[PDB]
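Chemist: What follows is a structure written as structure tokens; I'll ask about it next.
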Amino acid sequence: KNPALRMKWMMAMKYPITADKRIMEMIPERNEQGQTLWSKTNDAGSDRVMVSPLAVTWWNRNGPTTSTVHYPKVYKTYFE
Amino acid sequence: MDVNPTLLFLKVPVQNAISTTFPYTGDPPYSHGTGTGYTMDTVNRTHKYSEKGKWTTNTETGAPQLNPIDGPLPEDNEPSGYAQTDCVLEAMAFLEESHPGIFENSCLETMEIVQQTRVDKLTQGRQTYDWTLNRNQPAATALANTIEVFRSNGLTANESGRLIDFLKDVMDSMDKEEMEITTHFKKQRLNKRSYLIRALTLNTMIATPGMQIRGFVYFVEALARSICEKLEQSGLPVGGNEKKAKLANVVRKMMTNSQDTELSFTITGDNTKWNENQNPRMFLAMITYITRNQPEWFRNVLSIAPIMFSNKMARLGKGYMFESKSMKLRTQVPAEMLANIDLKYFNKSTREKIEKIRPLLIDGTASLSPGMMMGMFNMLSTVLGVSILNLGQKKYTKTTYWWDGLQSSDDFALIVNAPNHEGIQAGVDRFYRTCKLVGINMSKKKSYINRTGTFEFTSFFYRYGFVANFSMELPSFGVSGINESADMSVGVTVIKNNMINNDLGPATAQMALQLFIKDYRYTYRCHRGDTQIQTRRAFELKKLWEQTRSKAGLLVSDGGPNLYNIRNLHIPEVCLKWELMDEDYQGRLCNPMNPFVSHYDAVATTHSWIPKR
Amino acid sequence: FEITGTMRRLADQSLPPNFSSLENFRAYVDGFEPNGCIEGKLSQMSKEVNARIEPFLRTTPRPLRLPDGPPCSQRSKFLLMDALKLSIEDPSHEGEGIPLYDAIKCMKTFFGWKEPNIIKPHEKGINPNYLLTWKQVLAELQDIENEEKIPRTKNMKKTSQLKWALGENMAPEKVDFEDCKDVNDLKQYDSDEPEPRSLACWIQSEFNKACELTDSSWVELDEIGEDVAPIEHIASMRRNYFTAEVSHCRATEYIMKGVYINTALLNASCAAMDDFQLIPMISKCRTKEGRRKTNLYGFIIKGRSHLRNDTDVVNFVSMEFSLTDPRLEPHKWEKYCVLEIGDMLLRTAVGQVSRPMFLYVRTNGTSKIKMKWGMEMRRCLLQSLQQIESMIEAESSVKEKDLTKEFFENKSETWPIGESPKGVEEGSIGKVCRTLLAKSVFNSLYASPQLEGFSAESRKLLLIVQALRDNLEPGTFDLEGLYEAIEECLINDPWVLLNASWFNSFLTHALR
Amino acid sequence: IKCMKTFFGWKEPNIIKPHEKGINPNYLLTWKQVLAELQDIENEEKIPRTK
């Protein structure tokens, strides 16, 4: 019932995140240290795959880069 | 040396260190004071303060309703709900006279609000007594249950989308002799009496009403809010900053024309048994006076909630629990067995409650015609109190003394000016008796009077032009538990709102931010990349740390530092750092093609993931 | 919009008397004119209905009458001032150590174990069961090294002494009333009025020791954004001056103990619902030289924790190390059974001294709503700070300047903070901060409806006394009613009784 | 494990000096398996004495 305790408990789990099936062809299963980034396990009722929080940091430090020029202007009020 | 914190009041005035007298500043872990015995005591107390009323069995109900108003005037200072219709109407008339046109205008804005009122808005509320399951359920499900049962019957107009048609469907259910329910798992039938009694019960949870009355009470609350917004003496429904000025305003208004020889005394007053004495029939009279020279339909809509509150009932909790010392049992009795039962099974104290309540038992629900419950007509009671305060002008008292002040739902502060001490006493007595005439009782034990300059009103301690600025409800310095991106924004927004609503101090806000950031980092394992704490993420967060040239642009979820302070809490973290992030970091973090997101103000980043279900 | 049927006939009875129809009353109201009935009904009203003001002089207030009876006893969930720690140092490679192996490491540093014997017996328990429970705790910590794989958590064997200690067999059966109608002794829960108890001296000593300074840092707060605005400078100055003085206080250690223990209990209750899991009482601090230190206070054996609501109760047994003899103040330990478990060797300045080391054992019960209350004890800092800050802003308004510097930096200790044989002593701003933190912590620990009622009702008496001290001519309407309202909350709670005694001392010193 | 946790400079392995009489990819995979099997320790319900 309390979301905070649930979040704290579930972050201690191994693959608390859900991602698209295509993630397995974008990030390696294990990183440089041998830590597994995702597991070949589907979601409870959908086609999403179980994913570790390490995969988000792996994407943020090694993922493909795109153009982010119009992002500063789309949230015009927030950046102002 | 024996430490004694209270001795701090030998030097510091009490109003300055008043915050040290509040033990919790939050919500204590016992939440006691509720039960069947408490409800029985409440009903007995309500019917005891109005013993000299008129008893009458209701035709549609069959329970003895008590009408105490227009009864004998009280002889002593004990609580009494013997209100007077003529006095109430005179107070309303004088209130309208002193503020010409207020009732008419308030009727216009109430009509404007009532026109486009949506049924879905009724989902916003606390726990509601569901009349189908005979139990407490959230309003979001109670509304669905009632509309679906109405759909099962010939009451399927509430899909018009406007709450007026839903209320009309509620109206039409009154004149149907059979209410049928088909639960997809049985056939249930409620006749006239059963449905009527189930539609007029106040269920324990302080109690809660059913779903057929929340719409009716909302319109009268809106009308009373419109009335109060034009009233200066009311302490509702304003927030904190716009309310702290009202104390100074009323202090100055009573100390300008006053010279140095006219005495001025202020009373920090509290009202005793506020809800056990005010009567819905007087609220009916006030509603009728307010909406005069108005369309019949609008007057009819607003006139029914006092009627139902005059013909309401209180549910008797869940029951009582027994024990045995031989067979080792904990058998219970529900509420429905309190009508016919053996009185030896209870102790001495409960027996008197049962003997007093037994005449009022009808199908497990006690009859409670006089009185109210906790916090239903707070705005209307505030209007009545302001009307009583309005009688303190010199054009109404016609005497050397005159009073004015502030009135909240049940709290009031009253300043009275008079040339002499005897005039002050006479004015206090006249205000007391005028309140007694209208069913308003002032707690003598909880009230005190002194010279003007220091007083209290709704936990606002005014002393020589200063009001203490501390928060009576501290924030939660914890993660909301949504995801990394949402939790930061929600926490900083909570801190900012609590500063701009409860007048949280800047240093306390900074320490709350520190505690929240600590909790966030420990929950999401996102400690700084230069830290020595080792977790499962610590490797990756360090590989992102040395890789990044501008380390002050990294998000906290990415091992970056905290750049938040008092001046930054209105800026989202991504926006706050979108000048120090590296180009590749910006491309990776805000890539639309990331596998974590799929198509309270946060930019969509890779940290906006969906957790496991 | 129209009303027909049920409400048309129902409204006629929802009117003032001498009225028959709702439409008749509605028509009557439309023509109402104020003829001055209020003045007439005031003239008819009896003179006994008044609001007579009795003056409040410097001889009117009387001291609160504390109840009589046997002295009060400790009811805290862990030992406060009698706690003993088994500590181990930790460099930097022990980052996230399992609480079970930290407890084993802490116990391996003690070689003074003896044959246990009961020093003070519990009057309402089977003391041999407590002895056997301690022996089983000691034995089950040595079988860990004898397993093929090392377990992350230890679940104890469900022995008879644990079953009695955890209340696993006295839970009676939920049977319907129809099957037990004819029972000769079936009554409702005996709600015997709590026995009044007198105020004992131990609680004041507890509070005194709670405000003192320790040799370790107990809070290490994270960094914040750089200060630019002047208000940020003021806030940072206040917060840094508050934290630098409160970080070493014993109340902060109590906060950390509560947070850690309640977090561990909640985690065990959520995870091992059927196990008699052993939970170490662990706290972590920083030494004066910056080394991490882990402290073991004792052990908690948790019962079955099938929790559905927030009011379901988990039973547990707490065994806590101590060096205080329970026979000095036996009345404080009414609910404990105290064993003698070892001989600690204290190396004081005059050499080594051998002192008996005791174990305090009692059965307790908690719940999810109580554990969440204990987990969020860091709020006691946030409260305490705003109590100091509000004392500054209120005082800095009459001078229309900023008095932050004049409070912390001014080395004149100018705040009356306690009693003494000679008189009222005075302390500095830092001691006041620690005293306020200790008061908040004790309010959290000894939280009860009696404390809430006493605080609310004595706030009014404090305000009245303040108005008297301001020569504002205070006036009351029923002072005896207020006094009876206050004295109703004083029954048996040591913390509320201590606060009432504090109020009595302030009242006897303020009228001078 | 404690000694290995003090190093954060791990990199993607590649063969610098191949063995003239061996299958170097087997050595690369053996090192990768050594690294991976040291992280599965935390995924066991009980901690083993030897791996």
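Chemist: Scan region B:87-130 residue by residue and report those that are closer than 30 Å to B:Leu143 by Cβ and aliphatic (A, V, I, L, M).
Modeler: Of all residues in region B:87-130, those closer than 30 Å to B:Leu143 by Cβ come to B:106-130.
Result: B:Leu108, B:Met111, B:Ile113, B:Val114, B:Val119, B:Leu122.
Chemist: Answer yes or no: is there a residue in region B:342-351 that is assigned to a strand (DSSP E or B), more than 31 Å from the chain's Cα centre (by Cα), within 14 Å of chain C (Cβ to nearest Cβ) and under 30 Å from C:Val183 (Cβ atoms). Spell out how you get there, then give the answer.
Modeler: Of all residues in region B:342-351, those assigned to a strand (DSSP E or B) come to none.
No; the residues of region B:342-351 include none that is assigned to a strand (DSSP E or B), more than 31 Å from the chain's Cα centre (by Cα), within 14 Å of chain C (Cβ to nearest Cβ) and under 30 Å from C:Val183 (Cβ atoms).
Chemist: Tell me, which strands (runs of 3 or more DSSP E) lie completely within region C:229-348 with 1 or more residues that are over 28 Å from C:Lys120 (Cα atoms), in contact with a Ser or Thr (Cβ under 9 Å, 6 or more places away or on another chain) and not hydrophobic (A, V, I, L, M, F, W, C)? Quick ask: steps written out before the conclusion?
Modeler: Details: elements: C:276-286, C:292-302, C:313-322, C:337-348.
Counting at least 1 such residues, we get C:276-286, C:292-302.
Chemist: Could you tell me whether C:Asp325 is under 23 Å from C:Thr153 (Cα atoms) and over 22 Å from the mean Cα position of the chain (by Cα)? I'd like the intermediate steps shown before the answer.
Modeler: Numbers: under 23 Å from C:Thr153 (Cα atoms): no; over 22 Å from the mean Cα position of the chain (by Cα): yes.
No; evaluated as a whole, the condition is false for this residue.
Chemist: Moving on. Out of all the residues in region B:374-390, is one or more within 14 Å of another protein chain (Cβ to nearest Cβ), in a loop (DSSP other than H, G, I, E, B) and closer than 30 Å to B:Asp86 by Cα?
Modeler: no
Chemist: Would you confirm, using the coordinates I've provided, whether C:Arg62 is away from chain B (no Cβ under 11 Å), under 29 Å from B:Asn441 (Cα atoms) and of a type in the set (D, E, K, R)? Can you show your working first?
Modeler: Numbers: away from chain B (no Cβ under 11 Å): yes; under 29 Å from B:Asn441 (Cα atoms): yes; of a type in the set (D, E, K, R): yes.
Taking the combined requirement at face value, the residue satisfies it.
Chemist: In the list B:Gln15, B:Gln65, which residue meets the criterion of being of a type in the set (S, T, N, Q) and either in contact with an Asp or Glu (Cβ under 7 Å, 6 or more places away or on another chain) or over 30 Å from C:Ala500 (Cβ atoms) (or both)? Quick ask: steps written out before the conclusion?
Modeler: On the way: B:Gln15 fails: either in contact with an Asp or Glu (Cβ under 7 Å, 6 or more places away or on another chain) or over 30 Å from C:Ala500 (Cβ atoms) (or both).
Only one candidate qualifies: B:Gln65.
Chemist: Starting from residues that are surrounded by fewer than 18 Cβ atoms within 10 Å (Cβ to Cβ) and aliphatic (A, V, I, L, M), keep the ones in region B:352-377 and report whichever is nearest to the chain's Cα centre (by Cα).
Modeler: Selected residue: B:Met374.
Chemist: Looking at region B:530-550 only, could you name the residues that are within 14 Å of chain C (Cβ to nearest Cβ) and either more than 47 Å from the chain's Cα centre (by Cα) or surrounded by 14 or more Cβ atoms within 10 Å (Cβ to Cβ) (or both)? Write out each step before concluding.
Modeler: Residues of region B:530-550 that are within 14 Å of chain C (Cβ to nearest Cβ), as a first pass: B:530-539, B:541-542.
B:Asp530, B:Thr531, B:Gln532, B:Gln534, B:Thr535, B:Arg536, B:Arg537, B:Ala538, B:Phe539, B:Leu541, B:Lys542 - these are the residues of region B:530-550 that are within 14 Å of chain C (Cβ to nearest Cβ) and either more than 47 Å from the chain's Cα centre (by Cα) or surrounded by 14 or more Cβ atoms within 10 Å (Cβ to Cβ) (or both).
Chemist: So, one more: I'd like to check which helices (runs of 4 or more DSSP H) are fully inside region A:36-80 and have at least 1 residues that are buried (at least 22 other Cβ atoms within 10 Å of the Cβ).
Modeler: Values: elements: A:54-62, A:71-74, A:76-79.
Once the helices (runs of 4 or more DSSP H) in region A:36-80 are filtered for at least 1 residues that are buried (at least 22 other Cβ atoms within 10 Å of the Cβ), what remains is A:54-62.
Chemist: When you scan region C:50-156 for strands (runs of 3 or more DSSP E) that lie fully inside it, which ones turn up with 2 or more residues that are among the aliphatic types (A, V, I, L, M)?
Modeler: Values: elements: C:86-90, C:113-120, C:149-151.
Those strands (runs of 3 or more DSSP E) span C:86-90, C:113-120.
Chemist: Further, regarding this structure: Quick one: which strands (runs of 3 or more DSSP E) sit completely within region B:105-182 and have at least 1 residues that are in contact with a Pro (Cβ under 8 Å, 6 or more places away or on another chain)?
Modeler: Details: elements: B:128-130, B:135-137, B:179-182.
Output list reads B:128-130.
Chemist: Cβ-Cβ under 9 Å, sequence separation 6+ or interchain: first residue in region A:66-80 and on the phi > 0 side of the Ramachandran plot, partner polar (S, T, N, Q) and in a loop (DSSP other than H, G, I, E, B). Which pairs?
Modeler: Hits for this filter: zero, empty list.
Chemist: Got at least one residue in region B:5-12 being assigned to a loop (DSSP other than H, G, I, E, B) and over 30 Å from the mean Cα position of the chain (by Cα)? Even if it seems obvious, please write down each step before you answer.
Modeler: So in region B:5-12, the residues assigned to a loop (DSSP other than H, G, I, E, B) come out as B:11-12.
Adding the requirement that they be over 30 Å from the mean Cα position of the chain (by Cα) leaves B:11-12.
Yes; the residues of region B:5-12 include at least one that is assigned to a loop (DSSP other than H, G, I, E, B) and over 30 Å from the mean Cα position of the chain (by Cα).
Chemist: While we're here: Among the residues of region B:411-419, is any under 30 Å from the mean Cα position of the chain (by Cα) and not hydrophobic (A, V, I, L, M, F, W, C)?
Modeler: Yes - at least one qualifying residue is present in region B:411-419.
Chemist: For a quick check of your reading of the model, give me the residue pairs whose first member lies in region B:159-178 and is more than 23 Å from B:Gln115 (Cα to Cα), whose second is assigned to a loop (DSSP other than H, G, I, E, B) and not hydroxyl-bearing (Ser, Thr, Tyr), with beta-carbon atoms closer than 6 Å and at least 6 apart or on different chains.
Modeler: Cβ pairs passing all conditions: B:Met174/C:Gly5; B:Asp175/C:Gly5.
Chemist: Just to be sure before I move on: is D:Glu37 facing chain A (nearest Cβ under 10 Å), under 18 Å from A:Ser52 (Cβ atoms), surrounded by 10 or more Cβ atoms within 10 Å (Cβ to Cβ) and among the charged types (D, E, K, R) in the structure I sent? Please lay out each step first, then the result.
Modeler: Values: facing chain A (nearest Cβ under 10 Å): yes; under 18 Å from A:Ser52 (Cβ atoms): yes; surrounded by 10 or more Cβ atoms within 10 Å (Cβ to Cβ): yes; among the charged types (D, E, K, R): yes.
So D:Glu37 fits the description; yes.
For (1) part of a helix (DSSP H, G or I); (2) under 19 Å from C:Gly5 (Cβ atoms), each residue gets a yes or a no:
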site: B:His184; (1), (2): no, no
site: B:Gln188; (1), (2): no, no
site: B:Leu196; (1), (2): yes, yes
site: B:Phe216; (1), (2): yes, yes
site: B:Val220; (1), (2): yes, no
site: B:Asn257; (1), (2): no, no
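Chemist: Let me ask another. Does any residue of region A:55-76 turn out to be facing chain B (nearest Cβ under 8 Å) and within 28 Å of C:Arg308 (Cα to Cα)?
Modeler: no
Chemist: Mind listing whichever residues of region B:60-94 are of a type in the set (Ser, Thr, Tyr) and more than 7 Å from chain C (Cβ to nearest Cβ)? Please lay out each step first, then the result.
Modeler: The initial filter retains those residues of region B:60-94 that are of a type in the set (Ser, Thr, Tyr), namely B:61, B:80, B:82, B:85.
The answer is B:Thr61, B:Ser80, B:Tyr82.
Chemist: Kindly check whether there is at least one residue in region D:13-28 that is among the basic types (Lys, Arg) and either under 22 Å from A:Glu29 (Cα atoms) or surrounded by 11 or more Cβ atoms within 10 Å (Cβ to Cβ) (or both).
Modeler: no
Chemist: Go through (1) of a type outside the set (A, V, I, L, M); (2) out of contact with any strand residue (DSSP E or B) (no Cβ under 9 Å at 6 or more places or on another chain); (3) more than 22 Å from B:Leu368 (Cβ to Cβ) one by one and return the number of the condition B:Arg330 breaks.
Modeler: With respect to (1) of a type outside the set (A, V, I, L, M); (2) out of contact with any strand residue (DSSP E or B) (no Cβ under 9 Å at 6 or more places or on another chain); (3) more than 22 Å from B:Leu368 (Cβ to Cβ), B:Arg330 is out only on (2).
Chemist: In region B:553-579, how many are more than 33 Å from the chain's Cα centre (by Cα) and assigned to a loop (DSSP other than H, G, I, E, B)?
Modeler: Qualifying residue count, region B:553-579: 12.
To keep it simple, each residue is scored yes or no on (1) surrounded by 17 or more Cβ atoms within 10 Å (Cβ to Cβ); (2) facing chain B (nearest Cβ under 7 Å).
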| site | (1), (2) |
| --- | --- |
| C:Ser384 | yes, no |
| C:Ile392 | yes, no |
| C:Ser396 | no, no |
| C:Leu403 | yes, no |
| C:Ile417 | yes, yes |
| C:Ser420 | no, yes |
| C:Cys433 | yes, no |
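Chemist: From the list C:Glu413, C:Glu426, C:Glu457, exactly one residue is touching a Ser or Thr at 6+ places or on another chain (Cβ under 6 Å) and either more than 9 Å from every other protein chain (Cβ to nearest Cβ) or of a type in the set (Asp, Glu) (or both). Which is it? Reasoning before the result, please.
Modeler: Values: C:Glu426 fails: touching a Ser or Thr at 6+ places or on another chain (Cβ under 6 Å); C:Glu457 fails: touching a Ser or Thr at 6+ places or on another chain (Cβ under 6 Å).
Step by step, each of C:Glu413, C:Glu426, C:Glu457 is checked, and only C:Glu413 is touching a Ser or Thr at 6+ places or on another chain (Cβ under 6 Å) and either more than 9 Å from every other protein chain (Cβ to nearest Cβ) or of a type in the set (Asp, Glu) (or both).
Chemist: Just a yes or no: is a residue in region C:430-441 outside any loop (DSSP other than H, G, I, E, B), more than 26 Å from B:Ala468 (Cα to Cα) and either hydroxyl-bearing (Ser, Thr, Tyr) or outside the structural domain of C:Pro67 (by CATH) (or both)? Spell out how you get there, then give the answer.
Modeler: Narrowing region C:430-441 to residues outside any loop (DSSP other than H, G, I, E, B): C:430-441.
From what's left, more than 26 Å from B:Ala468 (Cα to Cα): none.
There is no residue in region C:430-441 that is outside any loop (DSSP other than H, G, I, E, B), more than 26 Å from B:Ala468 (Cα to Cα) and either hydroxyl-bearing (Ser, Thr, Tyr) or outside the structural domain of C:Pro67 (by CATH) (or both).
Chemist: So is A:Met11 over 18 Å from B:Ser557 (Cβ atoms), in contact with a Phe, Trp or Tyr (Cβ under 7 Å, 6 or more places away or on another chain) and buried (at least 18 other Cβ atoms within 10 Å of the Cβ) or not?
Modeler: Numbers: over 18 Å from B:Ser557 (Cβ atoms): no; in contact with a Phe, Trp or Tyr (Cβ under 7 Å, 6 or more places away or on another chain): yes; buried (at least 18 other Cβ atoms within 10 Å of the Cβ): yes.
Taking the combined requirement at face value, the residue does not satisfy it.
Chemist: In addition: Output the number of residues of region B:599-613 satisfying the condition of being assigned to a loop (DSSP other than H, G, I, E, B) and either facing another protein chain (nearest Cβ under 7 Å) or surrounded by 19 or more Cβ atoms within 10 Å (Cβ to Cβ) (or both). First the steps, then the outcome.
Modeler: Step one: list which residues in region B:599-613 are assigned to a loop (DSSP other than H, G, I, E, B), which gives B:599-609, B:612-613.
Add one more test, that the residue is either facing another protein chain (nearest Cβ under 7 Å) or surrounded by 19 or more Cβ atoms within 10 Å (Cβ to Cβ) (or both), and what stays is B:601-603, B:605-607, B:609, B:612-613.
Number of matching residues: 9.
Chemist: Going by what's in this entry, would C:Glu473 be described as within 7 Å of chain B (Cβ to nearest Cβ) and not in a helix (DSSP H, G or I)? Explain how you work it out, then say what you get.
Modeler: On the way: within 7 Å of chain B (Cβ to nearest Cβ): yes; not in a helix (DSSP H, G or I): yes.
Yes, satisfied.
Ideal geometry is used to build each Cβ from the backbone, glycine not excepted, and the neighbour counts take in all protein chains shown. Numbers and lists here come from the model and the stated rules, or from a named source; none is laboratory data.
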